[PDB]
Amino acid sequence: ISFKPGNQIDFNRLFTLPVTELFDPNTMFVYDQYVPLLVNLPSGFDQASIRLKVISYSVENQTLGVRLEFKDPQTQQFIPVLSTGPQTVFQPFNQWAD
């Protein structure tokens, strides 16, 4: 009779986290499980080949400052891209605040 469309829920409607929970507090690398959540990865990309170093984070602003490192295919050492600070400072999740 009538078409009643369904829905697939956006992940950001179900999941949020304080920025301090995103990274290992002693190594300062984002936990592997959250790298695809912070970075829009190309389809099929092998996440074992990258890591995100947390250079800064703000509890007040719920922001992270990160630097990407990637695995050199020859040596298998993680190397930085291309200085001293973060490549990007961003607010990972939607907030409802002042």
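Numbering starts at 1 and runs along the sequence shown.
Trainee: Would you class the number of unmodelled deposited residues between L82 and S83 as none, 1 to 3, 4 to 9, or 10 or more?
Mentor: Missing residues, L82 to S83: 1 to 3.
Trainee: Quick check on the record: does 66-74 or 22-30 carry the larger mean Cα temperature factor?
Mentor: Higher mean C-alpha B-factor: 66-74.
Trainee: Look up the CA B-factors in the entry and say which stretch, 57-65 or 43-51, has the higher mean.
Mentor: Looking at the recorded C-alpha B-factors, 43-51 comes out higher on average.
Trainee: By the record's CA B-factor, is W96 among the lowest, middle or highest third of residues in the chain?
Mentor: For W96, whose C-alpha B-factor we compare with every modelled residue in the chain, the answer is the highest third.
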